[PDB]
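Going by the UniProt record's numbering, the first residue of the sequence shown is number 1025, and it counts up by one from there. Here a beta-carbon is modelled for each residue, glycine too, at the ideal position from N, C-alpha and C.
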Amino acid sequence: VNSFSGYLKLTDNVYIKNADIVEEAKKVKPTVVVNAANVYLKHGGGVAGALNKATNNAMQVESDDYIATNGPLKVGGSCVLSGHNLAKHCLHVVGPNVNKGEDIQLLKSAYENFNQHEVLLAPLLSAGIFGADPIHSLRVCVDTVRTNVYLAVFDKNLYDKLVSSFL
Ligand SMILES: Cc1c(C)n(Cc2ccco2)c2ncnc(N)c12
């Protein structure tokens, strides 16, 4: 038993809810919250800017130190950093950005990062400002992630479409 409430069960391990990933993290304080990161960990808008804003920019300060030491992530890659006031840990995962020409095949590699963590609160990778088809992102999630993932979908309209079209 865990602290996640109000989720619709899609599979043995995948759950979904119409929720802002920021308000959900503040309420639950999960072990792992996933950020929809870019390779530079520049948390300008979308999930990364809302998560970063909720940390009062501490996520960006930590991220800049990480990049100054390690250089950029890979598209499809991740790093674990602090969750600040939102979670124990933040898993920064880089899904491909369709609006930059990145190979959508890298979405599966992105979701494979989630398997290193028993339980996660996450957004749909490449949804929102990343520009991918969210229906596709949910299918890759279900077919790739084997650990327990709690998906927060910001848009109520999209949430209802994801549920009603789910095979
Ligand atoms: C700010 C934000 C974005 C852009 N997204 C991704 C998305 C999916 C559909 C509409 O936007 C989010 N997803 C979960 N929580 C959030 N706060 C967000």
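Going by DSSP, what residue range makes up the alpha helix (DSSP H) through residue i?
i     : result
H1160 : 1158 to 1168
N1094 : 1082 to 1094
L1034 : Looking at the DSSP string, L1034 is not in any alpha helix (DSSP H), and its letter there is neither H nor E.
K1053 : Looking at the DSSP string, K1053 is not in any alpha helix (DSSP H), and its letter there is neither H nor E.
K1041 : Segment 1038 to 1042 is the beta strand (DSSP E) holding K1041; no alpha helix (DSSP H) there.
DSSP puts residue i in a beta bridge; with which residues?
i     : result
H1116 : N1059, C1103
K1077 : Beta-bridge pairing links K1077 to no other residue.
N1172 : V1143
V1177 : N1042
Straight-line CA distance for residue i to residue j?
i     : j     : result
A1176 : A1092 : 31 Å
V1025 : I1153 : 33 Å
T1168 : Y1183 : 20 Å
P1120 : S1027 : 31 Å
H1141 : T1171 : 7 Å
For residue i, which residues from the same chain have a beta carbon less than 7 Å from its beta carbon, with the 5 sequence-adjacent residues on both sides left out?
i            : result
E1086        : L1105, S1106
residue 1213 : In the structure as shown, the chain begins at 1025 and stops at 1191. Residue 1213 is therefore absent and cannot be evaluated.
Legend entry - alpha helix (DSSP H) segments (min. 4 residues) lying fully within the segment 1116 to 1152: Qualifying alpha helix (DSSP H) stretches, in chain order: 1130 to 1136.
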